[PDB]
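To start, the structure itself, in structure tokens.
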Amino acid sequence: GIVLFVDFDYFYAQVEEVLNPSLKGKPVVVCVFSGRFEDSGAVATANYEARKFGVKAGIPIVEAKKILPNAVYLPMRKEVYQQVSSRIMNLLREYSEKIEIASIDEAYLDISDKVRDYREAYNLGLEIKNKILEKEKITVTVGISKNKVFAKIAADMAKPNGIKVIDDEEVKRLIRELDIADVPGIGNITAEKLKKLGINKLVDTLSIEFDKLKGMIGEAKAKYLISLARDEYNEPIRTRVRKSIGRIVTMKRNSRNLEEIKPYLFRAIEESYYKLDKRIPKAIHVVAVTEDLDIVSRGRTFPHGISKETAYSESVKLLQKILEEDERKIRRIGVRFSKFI
DNA sequence: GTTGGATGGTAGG
DNA sequence: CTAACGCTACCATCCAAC
Ligand SMILES: Nc1nc2c(ncn2[C@H]2C[C@H](O)[C@@H](COP(=O)(O)OP(=O)(O)OP(=O)(O)O)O2)c(=O)[nH]1
Ligand SMILES: [Ca+2]
Ligand SMILES: [Ca+2]
Ligand SMILES: [Ca+2]
Numbered sequence: 001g002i003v004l005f006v007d008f009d010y011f012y013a014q015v016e017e018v019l020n021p022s023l024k025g026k027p028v029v030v031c032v033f034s035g036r037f038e039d040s041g042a043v044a045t046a047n048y049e050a051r052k053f054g055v056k057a058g059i060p061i062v063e064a065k066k067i068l069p070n071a072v073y074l075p076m077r078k079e080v081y082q083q084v085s086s087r088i089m090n091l092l093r094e095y096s097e098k099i100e101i102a103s104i105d106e107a108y109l110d111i112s113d114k115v116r117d118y119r120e121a122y123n124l125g126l127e128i129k130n131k132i133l134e135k136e137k138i139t140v141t142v143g144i145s146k147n148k149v150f151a152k153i154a155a156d157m158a159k160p161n162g163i164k165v166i167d168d169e170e171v172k173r174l175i176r177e178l179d180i181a182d183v184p185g186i187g188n189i190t191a192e193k194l195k196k197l198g199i200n201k202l203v204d205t206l207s208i209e210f211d212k213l214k215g216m217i218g219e220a221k222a223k224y225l226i227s228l229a230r231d232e233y234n235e236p237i238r239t240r241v242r243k244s245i246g247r248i249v250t251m252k253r254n255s256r257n258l259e260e261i262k263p264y265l266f267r268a269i270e271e272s273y274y275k276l277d278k279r280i281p282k283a284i285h286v287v288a289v290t291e292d293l294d295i296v297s298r299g300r301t302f303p304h305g306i307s308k309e310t311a312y313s314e315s316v317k318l319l320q321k322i323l324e325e326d327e328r329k330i331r332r333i334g335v336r337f338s339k340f341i
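219 is the number that PDB author numbering gives to position 219 of the first sequence; each next residue is one higher, with no gaps.
Structure follows, in structure tokens:
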């Protein structure tokens, strides 16, 4: 069984680099402008030139302009990026019809049926890597191993524009010495509530009885982490089904004025239904982001699917339900649809 | 004594 | 306006309703 994994390199930035190659070789930042004030919003990504100086997805745009004033700052055009993602995901279908899209910029292939061993799997990476670069001028990073998780770790090890094979043998080696915070699924919170025990390697979980870990990071995470170390984890490439669609926007000013919020919430509803096209949801949730950036929400699941008009009415009640029970002023407002028929 | 809905925690692109 | 986007998926915890 062989999984080959692909993740494009600083995607949104790279795409923009492709459309304006003069940018190439100098710092580039792609931003999500909120509209609150000039430069309000966060970074969605930045090229490696920009990263040297501290500019990465997630930081406030002011921190970045502060820290890297003379760089290109471009507005995010997700839609344009999605075409390029789509056209690349089509190529990956050439090499394998068993493909799992994981994000806008990555995907796993099952190539157990195309190649015979890691050596040929490696050669395939080179072809896959070269087709994309010929038909889209986009470099990408390939990881190759015995399953999703390790194929993803190998990719992370080789970024950017790399290619790494993790063999039955080197898997032994990492399960033993790979830091625990570098395992997919393990973030700050956990990998700090892990050093709590003395677990530092994927291997150190085998050294603490189930019981203790179970009630420290939860049933699903424990079962998962242990089967990795014990080396029995095996999830198949499965086609993912979008399970929810949403929209959330930031308001010019914080409000508790229902009449002032409503327009924003209605904006969020129109663009979700467009975004739904055809799919019928039975569930709605209004999501509010508050002054202090706590995220609060109220939902409702219906017996039968929710029409656009039903959603206008329902969301409003839910907003009120939120206004009734949170004292804080609202800063961002949004909506999410789910439980699709 | 499941389950499954409501709200939130955590991770990640 | 005076910093912290916008998405999504999976899981944990609670409590009613069966
Ligand atoms: N709005 C927004 N978009 C993000 C965020 N993180 C990632 N993205 C988008 C923009 C990225 O180009 C794209 C791919 O993200 P990746 O996690 O794979 O990193 P990226 O490709 O940008 O650089 P690379 O993988 O790290 O070396 O997803 C984020 O926090 N916010
Ligand atoms: Ca990625
Ligand atoms: Ca990437
Ligand atoms: Ca981590």
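We put the beta carbon where it would ideally sit given N, CA and C, even for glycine.
(request) Note down the Cα distance separating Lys-135 from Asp-167, rounded to an integer number of angstroms. (result) 30 Å
(request) Check each candidate in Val-289, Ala-71, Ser-297 and name the one with the smallest Cα separation from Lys-321. (result) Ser-297
(message) Is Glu-106 close to ligand 3? I mean its beta-carbon at under 7 Å from any heavy atom of the ligand.
(response) yes
(request) My understanding is that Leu-92 touches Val-149, with C-beta atoms under 8 Å, so please give their C-beta distance in whole angstroms. (result) Contact flag wrong, Cβ pair sits at about 19 Å.
(message) Quick check on the DSSP output: the beta strand (DSSP E) that includes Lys-282 runs from which residue to which?
(response) 281 to 290
(request) Give the straight-line distance between the Cα atoms of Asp-294 and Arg-256, rounded to the nearest whole angstrom. (result) 15 Å
(message) With a threshold of 7 Å (Cβ to nearest heavy atom), would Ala-191 be considered close to ligand 4?
(response) yes
(request) Could you tell me whether any non-hydrogen atom of ligand 1 is closer than 7 Å to the CB of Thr-45? (result) yes
(message) When you compare the CB positions of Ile-138 and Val-183, do they come within less than 8 Å of one another, or not?
(response) no
(message) I'd like to check one pair, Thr-239 with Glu-94: are the Cβ atoms closer than 8 Å?
(response) no
(request) With a 10 Å radius around its C-beta and 16 neighbouring C-beta atoms as the bar for buried, classify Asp-110 as buried or exposed. (result) buried
(request) Return yes when at least one heavy atom of ligand 1 lies under 7 Å from the C-beta of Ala-154, else no. (result) no
(message) I need the boundaries of the beta strand (DSSP E) containing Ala-44, first residue and last residue.
(response) 41 to 46
(message) Is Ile-186 a contact residue of ligand 6, with contact defined as CB to any heavy atom under 7 Å?
(response) With respect to ligand 6, the structure shown offers nothing to examine, as its ligands consist of ligand 1, ligand 2, ligand 3 and ligand 4.
(request) Give the secondary structure of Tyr-10 by DSSP, where H, G and I count as helix, E and B as strand, and everything else as coil. (result) coil
(message) Within the continuous beta strand (DSSP E) that includes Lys-223, where are the two ends?
(response) Where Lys-223 is concerned, there is no enclosing beta strand (DSSP E), although the alpha helix (DSSP H) it sits in stretches over 219 to 229.
(message) Just to confirm the assignment, what range does the beta strand (DSSP E) spanning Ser-313 have?
(response) Here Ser-313 belongs to no beta strand (DSSP E); instead the alpha helix (DSSP H) covers 308 to 325.
(message) For the alpha helix (DSSP H) containing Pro-75, name the first residue and the last one.
(response) Not the alpha helix (DSSP H): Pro-75 falls in the beta strand (DSSP E), residues 72 to 75.
(message) Please classify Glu-17 as buried or exposed, where buried requires at least 16 other C-beta atoms within 10 Å of its C-beta.
(response) buried
(message) Given this structure, state the Cα-to-Cα distance separating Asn-161 from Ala-283, to the nearest angstrom.
(response) 42 Å
(request) Assess, as a yes-or-no matter, whether the region 308 to 323 is touched by the region 261 to 273 under the definition of 3 or more beta carbon pairs within less than 8 Å. (result) yes
(request) Grab the span of the alpha helix (DSSP H) containing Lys-129 for me, first residue to last. (result) 118 to 136
(message) Buried or exposed for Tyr-73, going by 16 or more other Cβ atoms inside 10 Å?
(response) buried
(message) Using DSSP's beta-bridge definition, name the partner residues of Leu-202.
(response) Per DSSP, none; premise fails for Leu-202.
(message) Could you check whether the Cβ of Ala-181 sits closer than 7 Å to any heavy atom belonging to ligand 4?
(response) yes
(request) Report the rounded CA-to-CA distance for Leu-23 versus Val-15, giving the unit in angstroms. (result) 11 Å
(message) I want to know whether the region 28 to 38 touches the region 60 to 70 - three or more CB-CB distances under 8 Å.
(response) yes
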